[PDB]
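Descriptive structure summary
The residues making up each chain are set out below.
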Amino acid sequence: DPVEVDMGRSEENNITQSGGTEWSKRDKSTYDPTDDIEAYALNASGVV
Amino acid sequence: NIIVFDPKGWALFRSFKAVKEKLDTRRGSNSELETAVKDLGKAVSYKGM
């Protein structure tokens, strides 16, 4: 029987990429990936 | 002798090509700086000099 488990995680985590910031349509040879990384990691409750 | 950057502002300031070049020149400057990912979790983080 279908039984699920959901330990409470807010929607702000597990971020998907939509519209812009696709990391594919974005220019290589001029974009640094660090900016997204720093922003994504902002939601982590503790050091990573 | 100290500058406080909000993370978006620091990302904007780091995006420039020339400010990266101030670190890579052999004799241009003496700017030790960690322009990569560092200290993601904590609040205050020191980025070189």
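cryo-EM is the method the PDB entry lists for this structure, together with a resolution of 4.0 Å.

1. What to know about the interface of chain A and chain B
Taken together, the 10 residues of chain A in the interface contact 9 residues of chain B. Around 870 Å² of area is buried between chain A and chain B when both sides are counted, 61% of it from carbon and sulfur atoms. Its largest share of buried area at the contact with chain B, chain A owes to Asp32, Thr34 and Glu38 of chain A, together 49% of the area lost on that side. The tally of links from chain A across to chain B stands at 2 salt bridges. A salt bridge links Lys20 of chain B to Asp32 of chain A; its shortest N-O distance comes to 3.9 Å. For the interface between chain A and chain B, the tally reads 1 residue pair in polar contact. Residue composition of the side of chain A that touches chain B, by class: 5 nonpolar, 2 polar and 3 charged.

About the cut-offs
- Residues numbered from 1 in each chain as written, not as in the entry; some residues may be left out.
- Chains lettered and ligands numbered in written order.
- Part of a larger assembly, values for the part shown.
- Heavy atoms only, no water.
- Contact = heavy atoms within 4.5 Å.
- Buried area = accessible area lost by both parts, 1.4 Å probe.
- Salt bridge = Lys/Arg side-chain N within 4 Å of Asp/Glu carboxyl O.
- Polar contact = N/O pair within 3.5 Å; in protein donor to acceptor, adjacent residues only side chain to side chain.
- Nonpolar A, V, L, I, M, F, W, Y, C, P; charged D, E, K, R; others polar.

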